[PDB]
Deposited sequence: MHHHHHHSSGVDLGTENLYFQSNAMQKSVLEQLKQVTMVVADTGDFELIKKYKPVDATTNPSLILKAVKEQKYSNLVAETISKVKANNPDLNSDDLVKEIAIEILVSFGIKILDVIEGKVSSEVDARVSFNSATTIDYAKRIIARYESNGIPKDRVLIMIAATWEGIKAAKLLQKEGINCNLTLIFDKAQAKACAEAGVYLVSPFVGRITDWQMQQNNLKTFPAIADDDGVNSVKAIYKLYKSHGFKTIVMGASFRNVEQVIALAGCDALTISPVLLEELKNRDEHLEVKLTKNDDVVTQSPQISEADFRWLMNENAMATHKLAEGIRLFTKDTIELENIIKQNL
């Protein structure tokens, strides 16, 4: 009698959503993802302070020409990479590293940031095939990802809240999309001051991923659909069969400790078109923007921590 976690792995690529590599080992996910909030958490909790201190010393040594601001930016990238490297030691698949959320509306600076991350991984002996560059799915992010994919850099288009938005990502040939589930359900609950989670059939977040999956499979899009942002284990279970699901260590532990039967449930857009379709979706418009704001705040806090340790 396999746990729900082991049953899930039979039909879905399980991915760990964390920067805490020591936790990853015990769940044996295929891939791992680290957003700016998770990098911040890992750095703040100080489980890896030596790794951080060493990263700061290394970057200073190799960059005697950089001023304070430029140096901090280079250290921030090296920290993302350092965590990714430690994760890659304990998984067989890929790790996702996110570009600075502040470049979300600039395709050119997104491209350059993505390339810098990739170059730092390569300088450290990690080939680009083991990495996904995570980019917020604004029109600018998708356009950047289109170019990056053409140049062999696989991308993880995140902060996906609308089906049309997911369709445009697939049209750009992106490797993977991360449709959010929990934040969509959060909007749904706040709309009507719901205190309890909706029934699964009525969960807007779960339904959004189901609709994206259905679209991708019927249209033959090869982009991987990876559900992300979970509020509870029931939302993860509801998406069993999805191509991939990125899950927090807490929820992975919950899945590992449950042993009931797991029902397997899942088995040409122009810029103007894209902007129109996103505008029609109040939730998506708000949540994409909020996501970028929140990740920005966490990136700024990480910068502040770096600055205090120079």
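*Asks:* Without any C-alpha position in the structure, which residue ranges of the deposited sequence would you list, numbering from 1?
*Replies:* Several regions go unmodelled: 1-25, 293-302.
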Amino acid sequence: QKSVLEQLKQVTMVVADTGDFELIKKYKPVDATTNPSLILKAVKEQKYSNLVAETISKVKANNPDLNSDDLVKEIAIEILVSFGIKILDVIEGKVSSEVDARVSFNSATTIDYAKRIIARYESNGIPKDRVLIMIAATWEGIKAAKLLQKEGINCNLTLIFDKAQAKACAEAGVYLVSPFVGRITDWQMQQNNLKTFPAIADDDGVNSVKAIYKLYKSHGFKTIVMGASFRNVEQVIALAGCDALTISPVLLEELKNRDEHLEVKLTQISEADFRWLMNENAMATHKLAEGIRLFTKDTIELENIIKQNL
From here on, numbers count along this sequence of modelled residues.
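*Asks:* Take the C-alpha B-factors listed in the entry for 202-210 and for 119-127, compute each mean, and give the stretch with the larger one.
*Replies:* On average, C-alpha B-factors are higher across 119-127.
*Asks:* Out of 85-93 and 102-110, which one has CA B-factors that are higher on average in the deposited record?
*Replies:* Higher mean C-alpha B-factor: 85-93.
*Asks:* Select one of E260, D31, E280, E271: the residue whose C-alpha shows the highest B-factor in the crystal structure entry.
*Replies:* Each of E260, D31, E280, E271 was compared by C-alpha B-factor; the highest is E260.
*Asks:* For the listed residues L255, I247, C242, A61, which one has the largest C-alpha B-factor as given in the deposited model?
*Replies:* In this record, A61 carries the highest C-alpha B-factor of the candidates.
*Asks:* With respect to C-alpha B-factor, does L215 fall in the lowest, middle or highest third of the chain as deposited?
*Replies:* Ranked within chain, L215 CA B lands in the middle tercile.
*Asks:* Sorting by Cα B-factor within the chain, modelled residues only, which third would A238 end up in: lowest, middle or highest?
*Replies:* Within its chain, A238 is a middle-third residue by C-alpha B-factor, going by the deposited values.
*Asks:* Taking the values exactly as deposited, rank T285 by C-alpha B-factor within its chain and report the matching third: lowest, middle or highest.
*Replies:* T285: CA B-factor falls in the lowest third of its chain.
*Asks:* Split into thirds by Cα B-factor across the chain's modelled residues, where does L194 land: lowest, middle or highest?
*Replies:* As the PDB entry reports it, the C-alpha B-factor of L194 lands in the highest third of its chain.
*Asks:* Looking at the C-alpha B-factor of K222, is it in the lowest, middle or highest third of its chain?
*Replies:* Its C-alpha B-factor belongs to the middle third of this chain's values.
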